[PDB]
Amino acid sequence: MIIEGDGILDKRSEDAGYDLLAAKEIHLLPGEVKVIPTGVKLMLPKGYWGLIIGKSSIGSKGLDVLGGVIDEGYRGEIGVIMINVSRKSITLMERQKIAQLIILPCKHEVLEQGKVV
Amino acid sequence: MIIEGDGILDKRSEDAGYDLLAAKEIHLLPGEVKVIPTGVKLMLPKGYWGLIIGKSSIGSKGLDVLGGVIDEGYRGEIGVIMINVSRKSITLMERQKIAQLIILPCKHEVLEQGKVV
Amino acid sequence: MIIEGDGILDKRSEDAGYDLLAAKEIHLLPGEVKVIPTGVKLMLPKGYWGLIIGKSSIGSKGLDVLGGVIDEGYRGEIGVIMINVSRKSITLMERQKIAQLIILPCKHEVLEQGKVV
Ligand SMILES: O=c1ccn([C@H]2C[C@H](O)[C@@H](COP(=O)(O)O)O2)c(=O)[nH]1
Ligand SMILES: O=c1ccn([C@H]2C[C@H](O)[C@@H](COP(=O)(O)O)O2)c(=O)[nH]1
Ligand SMILES: O=c1ccn([C@H]2C[C@H](O)[C@@H](COP(=O)(O)O)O2)c(=O)[nH]1
Ligand SMILES: [Mg+2]
Ligand SMILES: [Mg+2]
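So, here's what we can say about the structure.

Details of unusual backbone geometry
All names here are of chain B. Unusually for a residue other than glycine, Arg95 sits at a positive phi of about 65 degrees. As for its placement among the helices and strands, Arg95 is situated in the loop between β10 (90-92) and β11 (97-105). Overall, the relative accessible area of 45% leaves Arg95 in the partly exposed class.

As structure tokens, this is what we get:
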């Protein structure tokens, strides 16, 4: 797939997702929510969406990833919504690994109003 | 697929998930967990499960979605488990978009006790 | 698939994921993050990764699961990263259900630097 930017890294065939980098330094006080920029854009392949999910190293620090659904038609820059849900302050350095992008399949169904048994 | 209720919206072919609506007004104080009702029921297609995941607009407000696995055999009403992990109070209006439902494939394996190399 | 340990349970064909058990008692104060051990190891099938996601019963208690991506090539013991994002203390008993493991498909793409339209 075509991407733009160096905020996303190539993975091995045995890894589920691509590491995403922080485009700039970010400081987060306990309970603070910030949308961290990555500087990358992508043209997800037709029939798939992208899931942003956390990495064990940052997660074990009390940081969580909110939202996380990259739609196939999105062309904007990818942003990672992060909250410090721990009780201590944390600083993420520029170009630090903050999350992962996993490509998964799309299933489009038509909504039929009926009565579920 | 067959659904029941107007708490879930039809999506475009380029979107990954269906927007879920809050069935009633909800107030959440910092650190509060509440199971928000949607009023919708569904008959997921055989071979798939449903994943409830957050929307960027509410996530950027410090709200997170817990749990989130809708099993293929579930017929009850879908509920969205939400926590305010931010430091300020928040009110979700009736019929406000609070989450997304994405349909993904099922992989059933048999558990073989052995020794992993 | 081959596993090692009794910290993971067999599921029915209509359930999305396998219940994961806590290998030991864990106490978590509000805002505390701990990596709970399960004692299980697995040889995920080629072409799939594993997703650790929350269960409604523990999620409705204000506990969340961070990280959660089990790579196909991982052979270590599976650990569940848990945070108490609620305002009250919680104790998880030994061998208590704390999460779920769902097997999903792998999509490996090659990164092509270009210009996304
Ligand atoms: O964590 C996230 C979630 C979403 N988006 C982007 C791509 C999505 O297609 C778009 C649309 O918004 P939501 O439907 O996800 O709120 O926002 C991000 O950059 N980061
Ligand atoms: O966020 C959630 C998670 C679960 N369920 C429902 C459908 C599931 O099949 C059922 C079973 O419970 P758990 O195994 O997810 O705890 O609860 C919801 O409505 N909302
Ligand atoms: O919640 C988690 C997340 C990861 N791992 C394991 C298996 C992964 O392959 C490995 C690698 O680390 P990350 O790339 O997920 O940080 O850690 C766990 O046991 N539990
Ligand atoms: Mg979370
Ligand atoms: Mg999550």
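Considering the relation of the copies chain C and chain A
Of the transformation placing chain C onto chain A, the axial shift is 0.0 Å and the rotation is 120 degrees, giving an RMSD of 0.0 Å. These values place the two chain copies in the arrangement generated by a three-fold rotation axis. When each C-alpha of chain C is compared by its distance to the rotation axis, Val85(C) comes out closest, at 3.9 Å. Different-surface contact between copies: only 17% of interface residues of chain C are shared with the interface of chain A.

A short note on the state of the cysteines
Applying the stated criterion across every chain, the model contains zero disulfides over all chains. In this model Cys106(B) remains outside any disulfide bridge; the closest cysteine sulfur is found in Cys106(A), 17 Å from its own. By relative accessible area, which is 29% here, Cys106(B) ends up partly exposed.

Focus on the sheet that holds strand β4 (residues 33-37) of chain B
Residues and elements named next belong to chain B. A sheet is described by the order of its strands in space; here three strands give the open sequence β4-β9-β7, paired in antiparallel fashion. Both outer strands of the open sheet, β4 and β7 (63-66), are each paired with one neighbouring strand and no more. Mean inter-strand twist for the sheet, computed between neighbouring axes without regard to direction, equals 35 degrees. Bridge count for β7 against strand β9 (residues 79-84) is four bridges, and the pairing is antiparallel. Within the sheet, the bridge partner assigned to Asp64 lies in β9 and is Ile83.

Comments concerning the side chain of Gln100(C)
Within the secondary structure, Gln100(C) is located in strand β11 (residues 97-105). A polar atom in the side chain of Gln100(C) sits 2.9 Å from the backbone oxygen of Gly17(C). Apart from residues lying up to four places away in sequence, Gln100(C) is in contact with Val69(B), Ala16(C), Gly17(C), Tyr18(C), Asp19(C), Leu20(C), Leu51(C), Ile52(C), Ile53(C), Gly54(C) and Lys55(C).

Brief notes about the pairing of strand β2 (residues 18-21) of chain A
It is a general feature of regular strands that their side chains alternate between the two faces of the sheet. All names here are of chain A. The two faces of β2 match: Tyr18 and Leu20 on one face and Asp19 and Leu21 on the other face are all buried. Where β2 and strand β11 (residues 97-105) come together, four bridges link them in antiparallel fashion. Paired with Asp19 across the two strands is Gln100, which belongs to β11.

As for the site of ligand 3
In the vicinity of ligand 3, the residues found are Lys55(A), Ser56(A), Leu66(C), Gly68(C), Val69(C), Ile70(C), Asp71(C), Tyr74(C), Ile78(C), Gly79(C) and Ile81(C). The environment of ligand 3 is shared, with nearby residues belonging to chains A and C. The side chain of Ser56(A) places a nitrogen or oxygen atom 2.8 Å from an oxygen atom of ligand 3. For ligand 3, an oxygen atom lies 3.0 Å from a polar atom in the backbone of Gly68(C). Contributions of two or more residues to the shell around ligand 3 are made by β8 (69-70) and β9 (79-84) of chain C. Taken together, the residues of the shell around ligand 3 break down into six nonpolar, three polar and two charged.

Thoughts on the site of ligand 1
Surrounding ligand 1, one finds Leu66(A), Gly68(A), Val69(A), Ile70(A), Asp71(A), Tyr74(A), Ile78(A), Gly79(A), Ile81(A), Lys55(B) and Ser56(B). One nitrogen or oxygen atom from the side chain of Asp71(A) is found 2.9 Å from an oxygen atom belonging to ligand 1. At 2.6 Å from a nitrogen atom of ligand 1 is found a main-chain nitrogen or oxygen belonging to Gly79(A). Notes on ligand 1: free accessible area 440 Å², of which the protein chains cover 82%. Its residues assigned to classes, the shell around ligand 1 comprises six nonpolar, three polar and two charged.

Reading guide: rules and limits
Residues numbered from 1 in each chain as written, not as in the entry; some residues may be left out. Chains lettered and ligands numbered in written order. Heavy atoms only, no water. Helix = DSSP H or I, 4+ residues; strand = E, 2+ residues; numbered from the N terminus. Buried < 20%, exposed > 50% of the residue type's maximum accessible area, 1.4 Å probe, protein only. Least-squares fit on C-alpha atoms. Contact = heavy atoms within 4.5 Å. Disulfide = S-S within 2.5 Å. Pairing = 2+ DSSP bridges. Axes fitted to C-alpha atoms, helices over the stretch in contact; angles between N-to-C directions. Polar contact = N/O pair within 3.5 Å; in protein donor to acceptor, adjacent residues only side chain to side chain. Near = heavy atom within 4 Å. Nonpolar A, V, L, I, M, F, W, Y, C, P; charged D, E, K, R; others polar. Areas by Shrake-Rupley, 256 points an atom, 1.4 Å probe, with all protein chains shown as cover.

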